[PDB]
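Only one chain is given next, in structure tokens, and it is the form deposited in one PDB entry.
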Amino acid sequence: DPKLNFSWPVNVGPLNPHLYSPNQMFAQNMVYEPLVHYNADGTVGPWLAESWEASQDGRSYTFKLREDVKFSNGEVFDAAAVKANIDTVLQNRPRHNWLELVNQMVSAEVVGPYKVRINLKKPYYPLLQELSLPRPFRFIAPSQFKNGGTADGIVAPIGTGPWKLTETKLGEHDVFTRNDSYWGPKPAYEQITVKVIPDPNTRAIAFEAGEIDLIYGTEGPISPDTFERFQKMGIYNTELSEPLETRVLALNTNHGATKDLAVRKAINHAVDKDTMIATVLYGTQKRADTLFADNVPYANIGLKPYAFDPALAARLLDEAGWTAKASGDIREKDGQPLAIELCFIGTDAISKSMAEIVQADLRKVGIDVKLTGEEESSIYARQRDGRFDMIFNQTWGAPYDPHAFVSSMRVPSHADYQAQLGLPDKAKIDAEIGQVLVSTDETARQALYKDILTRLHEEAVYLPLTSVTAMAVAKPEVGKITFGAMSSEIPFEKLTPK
């Protein structure tokens, strides 16, 4: 029974299974479990539910539950528990109605001691995938409710999962202890200590001094130069994942110079992503040329990349009326200079390093990118108002992409909707997104996703940049390195020391 030291930039949170920030998804994933399980091969399999049947119309799903599960406090996991959980989520729809499964779900019914029926307004093909997510459909013991729910807080974070939160010291650490009565396989580590360490350089120093045993994260747990250093050094186990969600810039089709398709195409041709990846990222993320990568369901449709071609960029601009005067000037149209704001939350280190590169590259073709690294509330306001020319965004990874991310494009207060608002075919895109989510036919789903994604690509709504990757670094004694099936999943339970 070894112990593991991990680190994270913030405390894990109160670990409410049905709330969002400040609860950390990786930690929710350690404690609470779903009815069905997303696998790395894209399939969804049994988990708390052993099997399930679907009505002829696809509107009702009856889930047969395992009869050998208990919450970490000894309380029985059963159909009434699953109902009480779903009900408190459905009593709080405004927090959850970003998730289309919630919108479709009507009721949960107990139809046997270990059998739960879920009823929907319509057949909804992402049902099983969205039931597998970190939240909100995972299960706390109902004895832990307050006011008959979880929206106003919980007594203690009691789940059925392989780890229990046993100690929290604010600003210092969160300690997870192995659930010794877990229903599934027994984890080889008895304890994970998550040390709260906010700065990535501080994290590397702590790692080299033997105070942290494993680095693992998708948002730069250490700097790219440090990852490079570690790997060359050749004493550690180091690995990068396959491509996860895509980092993009969204270009505003409804606002500023990006209203012009020719400007958006020029932008996509003038940024040297290969150099950006080689210099600032040291090869730790793969170039992305489309909104979704080839490994996303329905997304491998053979779209043609916008090649790095700065001369072509120049030409398109010229024929849009954006012309220069002397060599090295900012282009002008109708006595209006080609100035474009690029927005990102100012504490986001990776985004900042990328923004600076985008600025330099576009400057070579006559575009004055004005960098705006702002405070979070200021950025949020811009997103809803559509008050941006270019703004950083990213997809959601597995198993959210593409269904849940395209679904969010429909919401007026979102950056993706605001950026797409100037497209002549915006209404048709949104109507097709709705149709694809409730389609019961695979041929139709392929055609629909192909059309939606082709329009977004051919209209140059996005500047795709890179594929996010989980980076992992570990002393060899920790053992083999495995990546979670989901972006947010850190499989501590699969680590086997030595």
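Numbering starts at 1 and runs along the sequence shown.
As the entry records it, the average C-alpha temperature factor is higher for 37-45, out of 37-45 and 454-462.
The PDB entry records a higher mean C-alpha B factor for 353-361 than for its counterpart among 128-136 and 353-361. Note on 402, 153, 112, 217: the highest value goes to 112, judged by CA B factor as recorded.
Based on the entry's C-alpha B-factors, the most elevated value among 428, 331, 83, 286 belongs to 331. The entry lists a Cα temperature factor for residue 252 that places it in the lowest third of the chain's modelled residues. In the deposited entry, the Cα temperature factor of residue 320 places it in the highest third of its chain's modelled residues. For residue 28, the recorded CA B-factor ranks within the lowest third of the chain. Only modelled residues enter the ranking. When the modelled residues of the chain are ordered by their C-alpha B factor, residue 478 lands in the highest third. When the modelled residues of the chain are ordered by their C-alpha B factor, residue 245 lands in the lowest third.
Omitted from view is the form deposited in another entry, to which the following refers.
Compared with the form shown here, the Cα atoms of residue 41 and residue 246 sit 3 Å or more closer together in the other form. A change of 3 Å or more separates the two forms for residue 43 and residue 302: their C-alpha atoms lie closer together in the other form.
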